[PDB]
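Two forms, one chain: they're shown below as structure tokens, one block per form, named structure 1 and structure 2.
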Structure 1
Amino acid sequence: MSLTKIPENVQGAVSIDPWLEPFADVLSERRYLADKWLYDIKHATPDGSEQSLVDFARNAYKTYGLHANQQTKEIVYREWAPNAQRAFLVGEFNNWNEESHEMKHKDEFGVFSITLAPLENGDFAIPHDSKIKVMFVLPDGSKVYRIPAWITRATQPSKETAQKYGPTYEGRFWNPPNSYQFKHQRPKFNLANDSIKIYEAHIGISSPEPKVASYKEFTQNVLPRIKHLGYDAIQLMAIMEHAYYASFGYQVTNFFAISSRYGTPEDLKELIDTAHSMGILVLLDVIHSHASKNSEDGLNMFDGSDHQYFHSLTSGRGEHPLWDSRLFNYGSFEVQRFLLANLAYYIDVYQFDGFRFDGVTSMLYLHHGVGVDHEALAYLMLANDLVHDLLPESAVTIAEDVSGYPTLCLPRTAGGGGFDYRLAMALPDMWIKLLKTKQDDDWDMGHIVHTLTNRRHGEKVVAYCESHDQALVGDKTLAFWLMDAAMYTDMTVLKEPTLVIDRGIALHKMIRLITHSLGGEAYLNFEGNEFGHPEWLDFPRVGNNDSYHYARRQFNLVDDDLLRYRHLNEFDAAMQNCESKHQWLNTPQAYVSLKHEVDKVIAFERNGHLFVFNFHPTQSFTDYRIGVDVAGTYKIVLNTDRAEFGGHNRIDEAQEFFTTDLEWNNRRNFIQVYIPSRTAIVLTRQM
């Protein structure tokens, strides 16, 4: 007879999706843990009074780590190491003397501290960009050496240093005479109202050369290409320091160090400032789901113990079943401080505009996606509180969550995780299965529409037809599925394309456009796929003889107006700029009027604009009737068949499309369109 219990702190979510009703109590407990931790954090002040969550995070990165005082020329260094009996700062600055610079004060928190006076001549005691370590003496008397956990730069060893010590990274004290000063404002952006179209990029591979390309090169040579394409945002992968390049950035060693293989912190600041000057937001891949198992240059056994940053190996909760990585103890207050400060550091010091949290499925579940892990979810809820407080109404957070955890992207006040978007990570496999298993005459229009529109209510989605995952050596891109190993001989504009190439180009544009318009509330493109980049991506590793041959991006292809890669590129630019003028991404789901299984025609309206796709492999249609709700005059604003997009220029884009007041496909009006085989068009109503 008991009333079904719907606690007030998840009423918002339950109203959004009443399917959640039988889970309301477990959802309420999940939020409640996060809300109690939030209270704990906001009262972690000397007198126990309330502080803001932002102030907590900012005070943390301003007081942990090493800080040079530019006025007094002192240096302060503090380091959390509860298991260590003694701590010493060693480095080039003191010829690695293990006695002269003890961090004598160990506080109630287990934090060692030291202040270094200026030198007799007034110089900083630690030279700019010289090497440092902290040495701990453990209770048993043994010694271990570590890169400080909050170091802002860590570099690969020289050939000689690695001959004597191995590949272990070296910590650097970064204190340049002239820090980069930001000159440009963040672009105007309202998360609730504005569309975000995301260019996913990796600095190291961003040149045609088989090398690690630099921050400066990206700023000079790639940013203009992204501006030309009209993307709203760049998602920078592999920025947090990682010693193993082929990890793609996912094995993080130094959480507060931007990767040094691409250049200096000031080079990356300039990169982000320049993106901002061009109106482009910059997002960071944040890997807070696990850490590299490296000791000394990583956090594993940092203080000599197996229960500081990570759940212990004997707890059964301490290592990943596949990644060979350690798992954070999110219930430790100092680990919460470390991770939350890390987010504020990247927003504040580098002016990133938001984050993509990688590994969210591994965080959410006690078995990591092969029961929910309440502590990891509560940390993500705090993380969203903080990021949205740092940049109110502008900040973006995005979850990489393959599981589709309900409420992940509902607001925290509703009882949800607080993410703005999740990745639509099932969508690439739909396109691969069609291309690999079904003949073209056998494409099911309804199954395409169902998969693209199957989105949880209220949980906004970044759609894409392929991502950095699929570009990798494990799989083939859409370009490879559609055109195999096509070469410059197949891609010349000076001869008629084969059937294969003609079909590949048309579908490459059509698949992107229907994903972009029907599949989500935001869009993502992985670097190179906007122009159908050939071959595949691969990083140097043992399995390929440390080759960089595939660790690059042939951007030169786009500049050759006698090849067809540029046709794909120009269409991508047209798609993004069309959406910028005629919003359809961050809008309610489409109203689909047609998914015709014999004609292979899909038609829908979204945000008042009309979208028509003829997927039929051979049949062209003339005077094809399309239902339209709002009567008026329509004009084509995007046309896949245009010559400069690599089409055959059959469609007259000057034509005025007048509606006729006669019911059709459950709409009050119709227009009539010419749609050749494998073409698509977008129309908007003229005012």
Structure 2
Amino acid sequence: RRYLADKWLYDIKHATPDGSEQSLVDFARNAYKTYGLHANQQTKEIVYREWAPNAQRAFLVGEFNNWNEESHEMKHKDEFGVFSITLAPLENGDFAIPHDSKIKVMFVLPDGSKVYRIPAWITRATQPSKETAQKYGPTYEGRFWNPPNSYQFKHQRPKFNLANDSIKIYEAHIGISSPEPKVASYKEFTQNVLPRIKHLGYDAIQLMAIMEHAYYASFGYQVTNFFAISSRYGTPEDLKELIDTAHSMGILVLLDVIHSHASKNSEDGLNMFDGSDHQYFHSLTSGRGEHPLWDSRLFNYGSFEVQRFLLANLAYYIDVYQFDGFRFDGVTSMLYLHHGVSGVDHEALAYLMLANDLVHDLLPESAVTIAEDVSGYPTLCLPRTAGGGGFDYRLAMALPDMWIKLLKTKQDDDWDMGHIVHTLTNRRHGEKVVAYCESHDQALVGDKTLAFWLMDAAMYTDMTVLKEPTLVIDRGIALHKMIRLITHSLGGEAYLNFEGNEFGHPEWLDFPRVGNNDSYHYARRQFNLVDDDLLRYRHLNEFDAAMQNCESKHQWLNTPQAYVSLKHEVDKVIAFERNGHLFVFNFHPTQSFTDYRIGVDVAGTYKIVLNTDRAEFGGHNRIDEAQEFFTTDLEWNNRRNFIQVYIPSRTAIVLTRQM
């Protein structure tokens, strides 16, 4: 439709001093090696460069020259609008700027006034002290990171081929990852939570809220400093070790990348960086719209230095931190000119195309990219040789709403099985999907988790092991396990789980904020319930670990769609097959079934590999897992063979073929 992607690539490849040709990787590597600030370890010189076309003069200031506005003026802009400076070593032979001290760049504007900014490619920035804040407000401060010894990676990236391998994703947030009302750290995650995720068996960790942001209750979505990992949890070397460690564990690490919008903050953010309304962002008079959920600003992808900035940002996280891939947030607001309330923004789309090219050129056959897109735009996840966007996956954001309607309005006798199957299997061919049954927003104040819809206030008295389950608690535990498993096996090409729902976390989540007196009482995760043996929460957690490890041995996610054979409206039973394996579910409120027939297409002997009625999962142990299920050579539910099962009221099972 438009050929902006190809025009922009020719200019990249002949942007050399002699006119000779270079590669796209060479462009983005030479950029993060040439822009920002860089120390020379052999001569002790330092070089700094900075794009700022609206500014007339530029001066580097900070603790290293006592914020002097005259002594370190940069050389005149070249024909591309870039200031530059070489700092000689001091007379004693030392670097002229000390390590982790505070710095700013000052610009003189056309009207002669002065503004103060954190440099745009800085690698660290920090929240102010209570004394500074009473005076100057809540603005963050930027730091010059030049340590005496940089962390040296010891492990290679894990062996991974995107086309062939499955990926199961644990969605996590560093700060809430403890039972205490506080902000937890990178090192605590490395030592206390990486083992829990390895026990549960996920392939990858999706890190939310890593790009730096000042407003905590925004869950990470309002970004201020793009080349800086967040300081409220620790330092750049702490994170490199966290990733080196996951890599030794065989775990890929992905970054939540927010390139859809930016914070409205001015001094600690990019809004009005060089004084003007039109450097990184579209001007307000351009009428190019606003984000419908977040008070924010939007980028101008057509500027050559903005392409250099965002593309170097991707190569920097891959090369310098050894991240393995990305989830792009807010894709629905980027794709459309009305930002989600059918007319497409082709400049924003061309940037995502070039971004997918670079990332796959950097790690041939291994790199991963994912999209957050409510709308479901077609061709987003097809390759570039076929005209596509180049994404590998998208999220399945409609599924959680099906379960809420069921519990609020219907008696148990009146559940509709055919409606449940249709919702889970409706996806577009060639465009792979990440599925889940409740989202990180459903866990918040004012909302209700799955667990609360099922059992209500009786969770605060009758979740004890000491008394036999009441009628309400028995019903509730069984349904919580059945809902996750049918989502995992029937609903997509990858899986996702939000921290805490793997065990039925009660009550709600709430960050510190004005309406609760900045209370951290609900800004935490009661991992301690999993560790208490007088309660039933551990029953749900042990079920989750068994689900994930089953998939890694018997692949079923990154494979073709399932064939479904049953969905009965008076008995309330569902059954299907995928990548050669078999799945069965019974939802009836009072009746248990003996000798129920189930269909199967490849003859042989089958054995159960997962079962929800285990006592260790809170069940009543009515089901015998040592049984061999031989196939009968007779057609059933449109398959070539069948087996016969016993399934009590409210239980589910999975089976595979013995070679």
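C-alpha atoms forming the largest set that superposes within 1.5 Å between two forms make up the rigid core. One-based numbering along structure 1's sequence throughout.
With the core held fixed by superposition, the comparison between structure 1 and structure 2 singles out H320 as the only member of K216, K143, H228, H320 whose CA moves by at least 2 angstroms. When two forms of a protein are overlaid on their rigid core, residues whose CA moves 2 Å or more are considered shifted, and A485 is one of them between structure 1 and structure 2. Residue displacement note: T660 has its CA displaced by under 2 Å between structure 1 and structure 2 (rigid core superposed).
Annotation: Cα of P617 displaced by at least 2 Å between structure 1 and structure 2, core superposition. With the core fitted, the CA of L638 sits 0.8 Å away from its counterpart between structure 1 and structure 2. Relative to the superposed core, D441 has its Cα moved 2.5 Å between structure 1 and structure 2.
In the core-superposed comparison between structure 1 and structure 2, the CA atom of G474 travels 4.7 Å.
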